[PDB]
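The chains carry the letters A, B, C, D, E and F, assigned in the order they are written, with residues numbered from 1 in each.
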Amino acid sequence: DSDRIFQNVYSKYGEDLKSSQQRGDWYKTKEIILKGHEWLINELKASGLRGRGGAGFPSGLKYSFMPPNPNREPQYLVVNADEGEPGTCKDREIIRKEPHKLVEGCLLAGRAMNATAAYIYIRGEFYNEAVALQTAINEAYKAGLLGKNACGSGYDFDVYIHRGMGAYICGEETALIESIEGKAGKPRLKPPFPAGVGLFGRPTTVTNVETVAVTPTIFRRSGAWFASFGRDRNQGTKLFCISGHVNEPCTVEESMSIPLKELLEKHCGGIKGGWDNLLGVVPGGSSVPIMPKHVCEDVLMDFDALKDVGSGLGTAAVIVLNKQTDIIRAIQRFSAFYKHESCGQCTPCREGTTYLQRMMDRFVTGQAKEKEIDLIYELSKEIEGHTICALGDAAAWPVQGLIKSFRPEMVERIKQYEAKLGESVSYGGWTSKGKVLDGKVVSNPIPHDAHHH
Amino acid sequence: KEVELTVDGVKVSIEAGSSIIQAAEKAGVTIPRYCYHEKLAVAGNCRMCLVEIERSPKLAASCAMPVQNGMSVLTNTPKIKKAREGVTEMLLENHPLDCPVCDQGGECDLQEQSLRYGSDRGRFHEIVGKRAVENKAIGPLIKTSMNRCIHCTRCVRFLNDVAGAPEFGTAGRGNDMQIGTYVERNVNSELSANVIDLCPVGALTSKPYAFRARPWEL
Amino acid sequence: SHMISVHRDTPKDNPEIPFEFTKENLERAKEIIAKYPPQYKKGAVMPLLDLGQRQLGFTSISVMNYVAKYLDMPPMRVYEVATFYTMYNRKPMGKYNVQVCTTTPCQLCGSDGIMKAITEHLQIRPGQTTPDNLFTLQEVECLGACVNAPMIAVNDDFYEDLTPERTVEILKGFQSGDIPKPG
Amino acid sequence: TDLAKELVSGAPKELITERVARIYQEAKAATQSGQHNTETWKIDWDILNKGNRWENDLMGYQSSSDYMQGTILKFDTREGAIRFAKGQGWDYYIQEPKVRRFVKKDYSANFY
Amino acid sequence: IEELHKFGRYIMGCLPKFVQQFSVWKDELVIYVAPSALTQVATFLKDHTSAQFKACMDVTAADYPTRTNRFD
Amino acid sequence: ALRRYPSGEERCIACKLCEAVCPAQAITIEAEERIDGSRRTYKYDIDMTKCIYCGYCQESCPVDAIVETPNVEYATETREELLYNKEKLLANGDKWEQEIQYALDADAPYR
C-alpha cells in the first residue's frame, strides 16, 4: 500500500517546516477552516474515525458533544500525548519525528470543536521531545498560523505544552484535566462530563496524539476515502508498535483487519523460533488479556474482532512471544505495574490491586494451593465495575488472561513447589511450622518479591 | 423542579439536582456509605453506596450521581449485594485487628456495616502481612492511629472547606497514600476536633478520652 | 520510585534553609504563568516545581515552601503535588540518575542482565546512592523504550538495545567525564 | 384513657408527686451515621437532685436509691407515648426532636 | 403453610361474627378475636369435630404500651 | 484469675468485653491510659457472690486475660472476702498459672 500518513517515522523527510510543507502540510487550510465546524464534524461522523486511546468511541461524534462558542470563549481542546501503557511507542514517534503534523491537526480539530486553545500534555520521560516539540511550536508561531489572527481569518487558535512529571494514571481523560489545574491528578467521576464541564469550568475534549495527527489527511484528502480500510465501522489506518520476543521489534502503519500471520511475515521479522513456537500474544497493550496461540490463527486487527476473543485493540502494541518463557512472571510484572501506578482513591483498586500483587508473587514461585488459582479470579471480579476510572478494569483483565488460557501452567508450578519444597503450603503460603518469633516470620519461605529496593 | 422517581417501588419526590442517596434516604431505603457526609462536599471514592440503574450496565455511586426524572433505581439485587461484600472484603484487607484496643470499638461504622452488608468470613491469610503506617502527631487533642484509616477523606474535606485549615491532606500515591500533614505540625483550628466525630473508624480519636470508656456504658 | 510520604527534617533539608530563584529562573517563571488564565494561575506548580528542582538539584522542602509562596497557595497543596509524581526527588539524589526499566516488554530482552551489570560495577543496589554522590541507581516503570526494550535512562537521556557488555562503555565513561552520545 | 388508671397500677405515689418523666425521641449520634435508633419514641425519668449516684465506700461501686434509673420505655407513635403518660397521670414534658433542613448535594458543585 | 391457611380460613368462614383476622407463620396458625368473641371461638375450637382442641396449654399476655389496649 | 504474658505484662488491655457479656453484671472495670501510654486497667472487680460461674467472660476475652482456674476450695468466712479486686485476681493468676496452662494446652483446639 502507498500513501502512508506518517512517512517520517524512519526519519527520512525532515522535521523543519520547509520540508514539512513539501511533505503535504498546510494547504487549502483557510478554505477547510472556513467550510465551518459543521462540515468538518459531518465529515467525521461520516468518516468512521474512532479513538486511538483504547475506548473505541467515535472520535468525530465525541467532538459533536461540545457546545458552540459564539463569543469564542476559552474552550480548550486537550491533545492527549501520553503513552502510559507498557509496550506502546506510537505516541513517541509522532511527537519526535512528525511534530508539525500534530500541530496542524489540533487547529483543524479545534476549529471543529469551537475551541480557542489546545494543550498537548507530554510525559516527563519525553523530556527531549518536550523541548523539541516546543521548538516546532516556535516555528509554528513565526508562520502566523496560530495566534489571535490565524491565517488572516477571524478565528484564532492557541497552543501550549503542559509537561507531566510521571504518573501512568494521568493518561485518563479526567486525570489529565486535573493535572493541568495543579491538583494531584486523580480522575473525577464522569458527571459532569468534560464535554460540558471540564478544564477551568470550560468544555474540553481529550484526544490522543495519534488521533489528532491523522485529521490533517482526512480533512484534506477526500473524506470519503477513510472508510476504505479495515472492516465496516472499524475504519481507518493504524500504527502498530510490535515488540516483545520477536525477530525485529518495529513500528508499521498497516490497516485494520490485517491477519496476524500476514503481519508476522510481511514485516516485523518473525517468531524467535518459528510460528510453531508461539506461546502468547498481548495485542493492543498490557491492559487486555493475553490471547493464546490458537486465537491468533484468524486474528484480524479490529477494535472488535480482537474483542470477540476477549482481547482488544487498545494501543495496538501487538506483543508476540515464544514458548521459552514463563508467562506467570510476565503477567506478575503487569500486576506489580498497575499497583505501583494506580492513583489510589477508589477502594477497589487502591486495595484490590495490592491483593492481586500479593498473590501473583506467590503464584510466580508456586507457593499457593490449586483452589487459590480460582480464588484470585473471584477477586478480579470484585474490582471491575466498582472503580471511578478504568485503571481498575485494566488491572484485573491481565489476571483473567492468565487464568482463562494458561490454567494448567499455574497448577504445574504449584505441583513443582510441592516437590521442590517437599511440604505442601496452606492458604496464604503458611507452612506447617511457620510462626512468629520475637517479631518476624520464621521457618517459612518469605517471598521478598516486592521489588526489594 | 422536583423530579418524581421510584426507589425499589417507593415513590420519591425530591428537589432536582439532588443525588440518588438523598432520594433513597427519603424513601426509607438505607444505602451503606463511608465517604458521604451530609455537610461535606461529595467525593465518590469509598465505592460502598453503589446501586443499579435500569438503563445501564455500570453501577452508580448514589452519593454522586444526580437524580433523574422517571428513573428506576435498584438497591437490593444480588448483583449489588455481591458488590457490597466485595468492597467490604477490600477495606478489611489492610485494616488492623485492633477492635479490642480501639477507642471506636462499640460505635464504629466499619464494624456495623461490615456486620450488616459484608460477608461473615475473611479470605486473607497472606504471608507478607498487612500494610503498616506510622502514626502522625498533630497536636494534644487528636490521637492518630493511621493503620485504621479507610482513606475516605472526611477529615480532608472538613478541614479544608468547613474548618478552613488547609494543612491537612493526602500525601503519597496508591497503596502508600498517607492522610496527614506531610511535615510534622499540629492542626490549628478551633473546630479541628470535630474531625474526631467525622472519622468513621478509629484512625482519629480523642486524646483526653483515650482508653477511658466504651460507648455502651455511657 | 521510593514511596515514603512523610517528610523528616534533615541537616540537609528543612524550612530554615533559604531558597530563591536565580535571575534567569525568574524570567522563565514569569513567562511560565503566561500559559494559565489569571484566575487559575495555581496550575503552574508542576512547571515551577521541576523548574525550581533543577536550580537546586532536587525537590527540597524549601522549594515546595517557596513555590507555594509564589502562587499564593497553602504549602500542603504543593506537598500533595510533589509526592504524587515520581520525578520529584525529595533527597540530595547526587549527580546522575540511572533509570532501569524492568517492565515485561523490556524484560523480554533480558532486562534483568542490565540490572545485574550495573549492580556489579558501582557496588550498589537499586534505590541506593554511591559513596561518591556521583550516581544513584533507581529502578523505574515503563519509559516508552519498549520496542527498543533493553534500555537504560541516565538523567534525561536514552540508551536503547543494551547488554551487560554495553554497560561497560557508559559506567566507565561518566566518571572520567567522557559521556557517550545518547540514542 | 380518661380514667385515673394509676390507682390500679399499684405504683408508689412518688411517681405522681415527686418525679418528672420525659417523652423524647433519641437523637442521632455524632460518631456514627446510622439513623435507626432515632425512629422510636422513648420515656425516661429525670435523675434525683441527691441520691441518684454515690460512690460505695468499700469497693467503689455506684450505689443508687433511684429505682427508675434503668427504666426506659419504647413506643412507635408519639401519641401512644403521650396517651400512656396521660393514663398513668405522669408529670411529663415533651422534647420535640430537631428536624434537619434539606440541602441538595451535587458532585459537580466542587467546581460550580 | 397452605394447610394452616386453608384451615385458618375455614374457621373464619364458619364464624365471621367473631374472627377478626387470622395469620400463619411457618407452622403456627393464629386467630385474632375480640374479648367479647373469646368464649365463642374457644368453644367452637373445643367442640367442633374438625378441630378438637380439648387441651389448653398456655394462657399469657404481653405489654405493648403504645397500643390503646396494651395487654395482648 | 487474671493472667500475664511470659514477659510479665498484664494480658488485659481493658477492652471491657467481659463486662458486657457478663449475664449477672459481676464485673466492674475502670480503665485509662497507663503512665507509659499503655491501654491498661486500674480498677477491676469481680463480685464473686454475684457471678454465676458461667464462663462467658473467659470466652469473650480476646487475649485470654480472664480465665477460670480449676480451684473450687476457696470458701470464705466473711462475704467481704468474696469481692475480688484487681490485686486479688492477679495474685490468683500467678498462683494458678501452671494449672491454667494445663487446661489451656489441653482444650485450646476445641475453642
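By definition in this document, a residue touches a chain if its C-beta (ideal position, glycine included) is under 8 Å from a C-beta of that chain, and two chains touch if they have at least 3 such contacts.
*Asks:* With contacts defined as at the top, give the pair, A-B or B-C, that has more of them.
*Replies:* Pair with more contacting C-beta pairs, A-B versus B-C: A-B.
*Asks:* Would you mind pulling out the distance in Å between where the CA atoms of chain D average out and where those of chain F do?
*Replies:* 36
*Asks:* Roughly how many whole angstrom separate the Cα centroids of chain A and chain C?
*Replies:* Whole-Å distance between the two chain centres: 24.
*Asks:* Taking the mean of the C-alpha atoms as each chain's centre, how many Å separate chain C from chain D?
*Replies:* 64
*Asks:* Which residues of chain B are in contact with two or more other chains?
*Replies:* 44, 64-66, 170, 172-177
*Asks:* For chain C, give me the residues that contact two or more of the other chains.
*Replies:* In chain C, residues 77, 80, 84, 86 touch at least two other chains, as defined above.
*Asks:* Touching two or more other chains, which residues of chain D qualify?
*Replies:* Counting only residues that touch two or more other chains, chain D contributes 107-108.
*Asks:* What's the complete list of touching chain pairs for this entry?
*Replies:* Every pair of chains in contact is listed here: A-B, A-C, A-D, B-C, B-D, B-F, D-E, D-F.
*Asks:* Which residues, counting only chain A, touch chain D once they are in their complex?
*Replies:* These residues of chain A touch chain D: 189, 191-192, 197, 201.
*Asks:* For chain C, which residues are in contact with chain B within the complex?
*Replies:* Listed in rising order, the residues are 3-9, 15, 61, 74-77, 79-80, 83-84, 86.
*Asks:* Show which residues of chain B lie in contact with chain F when the two form their complex.
*Replies:* 100-101, 105, 210-214, 216-217
*Asks:* Can you list the chain C residues touching chain A in their complex?
*Replies:* Going through chain C, the ones touching chain A are 1-2, 35, 37, 39-40, 42-47, 49-50, 77, 80-81, 84-88, 102-105, 107-108, 125-127, 139, 141-149, 153, 156, 158.
*Asks:* Which residues of chain B touch chain D once you look at their complex with the stated criterion?
*Replies:* 14-19, 22, 25, 30, 33, 37-38, 41-42, 44, 63-66, 104, 107-109, 112, 197, 200, 215
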